[PDB]
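Read through the structure below, which is laid out as structure tokens, and then see the notes.
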Amino acid sequence: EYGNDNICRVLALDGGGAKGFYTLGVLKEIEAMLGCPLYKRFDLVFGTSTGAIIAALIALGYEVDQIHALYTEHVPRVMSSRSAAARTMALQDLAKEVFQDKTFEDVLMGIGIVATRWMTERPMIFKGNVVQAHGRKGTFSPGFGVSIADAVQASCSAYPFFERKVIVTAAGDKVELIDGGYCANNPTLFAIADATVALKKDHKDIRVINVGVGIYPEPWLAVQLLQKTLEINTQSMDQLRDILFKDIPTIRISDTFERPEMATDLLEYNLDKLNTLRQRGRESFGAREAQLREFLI
Amino acid sequence: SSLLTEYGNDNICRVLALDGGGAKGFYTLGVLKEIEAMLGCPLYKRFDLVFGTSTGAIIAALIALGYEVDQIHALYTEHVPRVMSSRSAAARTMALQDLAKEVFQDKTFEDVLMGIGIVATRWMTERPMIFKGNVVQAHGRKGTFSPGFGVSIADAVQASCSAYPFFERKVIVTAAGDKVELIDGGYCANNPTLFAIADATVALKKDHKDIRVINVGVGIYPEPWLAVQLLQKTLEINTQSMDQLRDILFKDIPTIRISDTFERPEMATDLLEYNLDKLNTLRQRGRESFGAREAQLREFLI
Amino acid sequence: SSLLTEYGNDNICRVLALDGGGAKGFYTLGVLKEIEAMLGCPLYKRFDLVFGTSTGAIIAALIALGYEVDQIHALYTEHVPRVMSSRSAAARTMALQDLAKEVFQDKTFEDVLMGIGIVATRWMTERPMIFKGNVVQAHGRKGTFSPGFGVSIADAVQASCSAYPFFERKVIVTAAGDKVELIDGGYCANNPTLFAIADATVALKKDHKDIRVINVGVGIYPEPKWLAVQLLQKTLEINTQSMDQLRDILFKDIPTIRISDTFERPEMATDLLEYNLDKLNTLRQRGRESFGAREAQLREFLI
Amino acid sequence: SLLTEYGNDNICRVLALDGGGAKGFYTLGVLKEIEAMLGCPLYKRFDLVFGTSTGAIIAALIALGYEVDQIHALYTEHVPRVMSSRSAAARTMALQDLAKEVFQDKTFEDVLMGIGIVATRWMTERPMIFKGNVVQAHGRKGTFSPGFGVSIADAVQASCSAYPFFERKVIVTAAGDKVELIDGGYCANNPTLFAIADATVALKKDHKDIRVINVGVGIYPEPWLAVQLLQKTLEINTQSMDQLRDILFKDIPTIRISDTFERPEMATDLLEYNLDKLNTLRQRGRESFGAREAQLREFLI
Ligand SMILES: Nc1ncnc2c1ncn2[C@@H]1O[C@@H]2COP(=O)(O)O[C@H]3[C@@H](O)[C@H](n4ccc(=O)[nH]c4=O)O[C@@H]3COP(=O)(O)O[C@H]2[C@H]1O
Ligand SMILES: Nc1ncnc2c1ncn2[C@@H]1O[C@@H]2COP(=O)(O)O[C@H]3[C@@H](O)[C@H](n4ccc(=O)[nH]c4=O)O[C@@H]3COP(=O)(O)O[C@H]2[C@H]1O
Ligand SMILES: Nc1ncnc2c1ncn2[C@@H]1O[C@@H]2COP(=O)(O)O[C@H]3[C@@H](O)[C@H](n4ccc(=O)[nH]c4=O)O[C@@H]3COP(=O)(O)O[C@H]2[C@H]1O
Ligand SMILES: Nc1ncnc2c1ncn2[C@@H]1O[C@@H]2COP(=O)(O)O[C@H]3[C@@H](O)[C@H](n4ccc(=O)[nH]c4=O)O[C@@H]3COP(=O)(O)O[C@H]2[C@H]1O
């Protein structure tokens, strides 16, 4: 609506597998209440694994309408690959068709993509502005001089199913990355650290609209431990956020479903089930409609 | 006693956070032995908060009760190595259960002389469980606050030292009769430094210019399937990412970290070490790491 | 063309010492890169003295000749890998001579833009042979002082990098005519921090207060009859470690910063004679990350 | 026999002994001529003495209060017995019977002067310098136990543990720490640069009020591509350290007593055990004191 109001609204998108059709429904009930593309009422856009695709397109062009078509055309196909190498090939073509040649300079709003380094074991975060980092200024090239087609492709590669990406920075050093779900499945906490410390904002200035994908049921003792350890981090990171930044206006939109006919597998290639998740989630906004307009205006 | 220096009260709040790594805690004793003598009094008279983790809780508790370093080292070398020599996973729990009953016989969380906190991980909820000591350190729900959940200070430690693939799972019953399930605290936070500042910043409100953090680890050593490597790889990512977040958020706080990295094939251990001569080498390695930074630690705490 | 900022004169005298490694010099190229862009000017505009051992001698010379860091990195990966690829003592010596011919051929110890010192060990006298630039850096015999023994830089740096077991001893002919035989400068001082300290206290008599010391190493990495072998390895480590312990006893009240980290994981097992550019590329990333921790402190030293 | 008193001036006088093995006899010949010039035990004039692997057995006996005439009696009887044993294991064993019969259960509290003994840490690769007073320490003055609560029979035996011909030794300090040490002739063979530091940063003194006396064993002739290097690098450390000394500490009046011999009538052997050969080394020491008596009289008086 208006131009500026000294209110920094951040957007943290979760993401994983085909279940990202949920947040496409939530984000569909929005951008109509507003009337403008979702980047016209936001200053930061964070996305870890599947919200990274939604993060880019929102940041460099088209609205949700188009995104949905680009998401139902290529994404349901890549999961339908019975080999780990085949999934990596279709993902490369996906990243090559929706992102042809645009890079981190053609981005319209502040964006941060989450990725994990396989050797240093600490997250890599692609940023797009000079005053966005906290240290080591100088030799700071937006997006490491990398193309967006290769930045998102790395941030979507789950190791046990995909292949580990190898990116060639502009400075000439090959980095071996994996998807940003292994370090932060929820970029909410990281998003607070940019507006607070880097952008130098007060503690009552920001409105954090966090959108998720939802919780769903299921269709060697190390395999159980992987699922258990990969859930403690996301929960503990959430609890930590509530203790540190308890005085920040936040709204989390991610509901839990318990019906047996709703259990997914994070890789469901069924257009006759992803459509239902797109529907259940258009109602999850209908319960907080009166509250979200206090944040977006 | 031979430690009689009385330090006057001041407005500065000095925090101490102890890392845990198992039987490799001898590195922590060697470092703390030098810090006490530099002061001249037991550590409970100069520090205002103490947190710990799996093996650091056995040390973090004794510092809060009032024990001196020379007494802590007298017990840490006869009970800790003997439980790591247990073969069966059921034997490592029967042996750890006898440890806390000979060091923390009957005391509770109401007989501590400083701020305390012990980290433990829930299994069902998958969130931390920190055993506070005073209601002033809580972050809500203060109307039903009981120091230490009404749990004895011996069981709060037995739960934090129990790693799942090697120990058993601990079941405690609090005051209100709630059978909670817990495992080692090295899953949610291996370095409680980020948990320690959070408890001393929004609770016990202190500015960023009046806090002195001192993090003492256990060191870094070389190594002595597909789903198994992934497991170890995920754990390192969480630890190396949790402290970087601390560096971004909390960088205006004077902080000193005392840990050392070794690369020789002789200094190769794991968290199952029970060799007396090997552990002794780790002890005198920590004392050397203090002298390199003594010129600065004297400025923080005189 | 990019670095344009200027820094005025001042009384505090800085110093820079570079450890002598091998193919592991890529680690130092990362640390120096971050420091360069941070300052915003070539290093010969802020530092007032630079020492260097075998591998740091190439960098210590190029830094003293006006070259930037983005130019040294090009001249480093272009030739050094060939030097390490050879599998013979005479072959490595020939490549080392071809290297020292193209990077600088017609240059002597009189085009240096700052004060320089290059460490090299004699084979007969068993005392160091430190090539200096000006006469004020000398301690004795100030009646016959040619700035650099009359020797050119092409073979002055070639003598420093002559590890006798894998290379051949270098024979130098000075201006007076003395035929001297030298070996790697890493046999007498693998860390020239102490030597540079002594050259800025007894000569160029600055008090301990106003001396800012910066020592950039190469990092410690794991290793991938046998009695005299180990015992030779231990003797080389004893001299290196004992010399550092002697340093912080006398010159304890001098501000200093040492940037050299340690790694222990098996994927990093870098040793001497490394020629795989893939592993050598990873080390340049580590040195770039090692500066990120001490960036707040180094800003107090260099301003 | 030895009756002479000297006033307590403001000048410190250091004595640094080197190490060469059985060649210590050369040092005794020089000390016999210095004491006789003063007419008093050496501890009443000197304030600090360091040693390394040969001077330990001598610097220890000096700081206790012995006289040179009594040291030579023990040195001539027990030292050549050590080197006579031809085995890497028998030399380390016989070296115990040397310290167990001389320093019979003594500590670093029974000293009348500042002492310092040098050794080498096998695992850490740094020096271990035993001392006997807290005012000679550089930091970590807390938890300072004189001599690490170790006896003198073991601190001396460690500084004479030359790995090629001797075995390693293990040392248990006061705080149950098991350290592994070797000979001290690997980190510093001439303890001149160590003593000057221990008397400048600790025992703060001006370079105008110090007088160092360094005595060695002399340089004598010698009677695979991997051994050559080892013998070369050991003497590149000895050298380049004397040079570092001459550059840093130049305004400190000093005297060195070590003469070079070239004839083939010598036999460089730290493992020497021929009495007629060692008696000659003892004579060259006295012959060397005569050329520098005029100056030693100016320093010691
Ligand atoms: N909000 C946050 N919350 C928690 N942690 C955060 C947050 N933001 C960053 N980090 C972590 O901070 C670490 C170091 O950040 P620095 O600011 O010190 O320097 C940056 C920058 O100068 C430069 N650079 C950055 C982006 C770009 O597009 N091109 C580019 O060149 O590289 C360094 C990136 O390194 P990593 O990305 O691998 O690691 C990061 C990250 O893990
Ligand atoms: N410094 C920290 N760093 C990182 N995480 C932290 C920190 N502090 C708390 N948390 C997490 O936040 C959750 C809620 O904490 P609260 O302080 O808001 O409420 C507390 C308190 O009221 C009461 N209580 C606490 C301690 C005690 O000895 N007796 C007692 O009665 O019980 C609740 C504790 O329950 P958990 O401990 O199981 O859950 C905690 C923890 O997961
Ligand atoms: N900072 C130091 N740290 C550690 N050791 C050092 C240091 N400086 C000198 N030494 C050692 O001390 C010995 C004598 O040094 P001097 O300075 O007293 O005399 C110098 C000078 O007058 C002249 N000369 C020097 C350099 C030059 O480029 N042209 C030139 O003409 O030759 C003599 C050099 O000979 P070496 O170099 O072979 O021997 C040196 C070295 O072994
Ligand atoms: N003049 C010198 N020149 C060059 N280097 C020197 C010099 N003096 C010491 N060092 C080196 O400096 C390192 C650290 O010494 P520190 O002074 O810091 O603290 C001492 C002291 O507090 C305590 N202690 C000492 C003597 C004793 O009889 N009982 C006792 O308890 O133990 C530490 C001994 O350690 P090491 O001996 O193993 O190593 C030493 C040494 O290698």
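Order-wise, the sequence lines are chains A, B, C and D. Under the UniProt record's numbering, residues 13 to 231, 243 to 320 are what the first sequence spells out, in order. Under the UniProt record's numbering, residues 8 to 231, 243 to 320 are what the second sequence spells out, in order. Under the UniProt record's numbering, residues 8 to 231, 242 to 320 are what the third sequence spells out, in order. Under the UniProt record's numbering, residues 9 to 231, 243 to 320 are what the fourth sequence spells out, in order. Cβ atoms here follow ideal geometry from the backbone N, Cα and C, with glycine treated the same way.
Query	Result
Once the 5 residues before and after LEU297 (chain B) are set aside, which same chain residues still bring their CB inside 6 angstroms of it?	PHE33
Mapping DSSP to helix, strand and coil, what is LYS216 (chain A)?	coil
By a C-beta neighbour count over all protein chains shown, 10 Å radius and 16 as the cutoff for buried, is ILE70 (chain D) buried or exposed?	buried
Which of the three DSSP states, helix, strand or coil, is assigned to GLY59 (chain C)?	strand
Relative to ligand 1, is the shortest distance from any of its heavy atoms to the C-beta of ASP162 (chain B) smaller than 7 angstroms?	no
Pair every Cβ in the stretch 116–136 of chain A with every Cβ in the stretch 174–192 of chain A, then say whether three or more of these pairs are closer than 8 angstroms.	yes
With respect to the alpha helix (DSSP H) encompassing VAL110 (chain B), which residues constitute its N-terminal and C-terminal limits?	96–110
Which residues of chain B have a Cβ atom closer than 7 angstroms to the Cβ of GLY150 (chain D), listed in chain order?	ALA44 and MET45
Mind listing which residues of the stretch 109–120 of chain B have their C-beta closer than 9 angstroms to chain C's C-betas, in chain order?	none
Closest to residue 233 (chain B) by C-alpha separation, out of B:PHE54, B:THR208 and B:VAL119, would be which residue?	In this structure residue 233 (chain B) is absent; chain B steps straight from 231 to 243.
Under 6 angstroms Cβ to Cβ from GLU291 (chain B), same chain only, skipping five residues before and after it: list those, please.	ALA30
Quick check: is any heavy atom of ligand 4 less than 7 angstroms from the C-beta of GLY304 (chain B)?	no
Pick helix, strand or coil for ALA286 (chain A), following the three-state DSSP scheme.	coil
Taking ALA182 (chain B) as the reference, give the member of B:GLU85, B:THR115, B:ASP17 and B:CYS48 with the closest Cα.	B:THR115
Name, in chain order, the residues that DSSP records as bridge partners for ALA127 (chain B).	B:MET136
Return the residues of the stretch 292–303 of chain B that lie within a Cβ-Cβ distance of less than 8 angstroms from chain D, sorted by chain order.	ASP295, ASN298, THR299, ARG301 and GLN302
Residues of the stretch 273–286 of chain C in Cβ contact with chain B at a cutoff of 8 angstroms, in chain order, please.	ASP278, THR279, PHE280, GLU281, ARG282 and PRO283
Could you tell me whether any non-hydrogen atom of ligand 1 is closer than 7 angstroms to the CB of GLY63 (chain A)?	no
Counting Cβ pairs closer than 8 angstroms, one from the stretch 191–202 of chain C and one from the stretch 260–279 of chain C, do we hit at least three?	yes
Which one of B:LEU249, B:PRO229 and B:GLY224 has the shortest CA to CA distance from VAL246 (chain A)?	B:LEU249
Taking DSSP as the reference, what is the three-state secondary structure of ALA210 (chain C)?	coil
Counting only Cβ pairs nearer than 8 angstroms, list the residues of chain C close to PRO135 (chain D).	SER259 and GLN262
Report buried or exposed for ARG134 (chain A), applying the criterion of at least 16 other Cβ atoms within 10 angstroms of its Cβ.	buried
Between the C-alpha atoms of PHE308 (chain D) and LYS251 (chain C), what's the straight-line distance to the nearest angstrom?	38 angstroms
Identify the contact partners of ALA245 (chain C) in chain D, using a Cβ-Cβ distance below 7 angstroms as the criterion.	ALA245, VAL246 and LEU249
If we cut at 8 angstroms on Cβ distances, does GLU188 (chain B) have a partner in chain G?	Judged by its chain identifiers, the structure shown contains no chain G, and its protein chains are A, B, C and D.
Would you say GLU230 (chain B) reaches chain C, if we count a Cβ-Cβ gap shorter than 8 angstroms as a contact?	yes
Determine, for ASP185 (chain D), whether the minimum Cβ-Cβ distance to residues of chain B falls below 8 angstroms.	yes
Using a threshold of 7 angstroms, is the CB atom of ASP261 (chain C) nearer than that to any non-hydrogen atom of ligand 2?	no
I'd like to check one pair, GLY193 (chain A) with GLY28 (chain A): are the Cβ atoms closer than 8 angstroms?	yes
Is any heavy atom of ligand 3 found at a distance shorter than 7 angstroms from the C-beta of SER92 (chain D)?	no
Is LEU106 (chain B) near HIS80 (chain B), with beta carbons less than 8 angstroms apart?	no
Between the alpha carbons of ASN222 (chain B) and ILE42 (chain B), how many angstroms are there, rounded?	12 angstroms
Is it true that the CB of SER61 (chain B) sits closer than 8 angstroms to the CB of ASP185 (chain B)?	no
Taking 7 angstroms as the cut-off, is the CB of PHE268 (chain C) close to at least one heavy atom of ligand 1?	no
How far does the alpha helix (DSSP H) with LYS40 (chain B) in it extend, from its first residue to its last?	33–46
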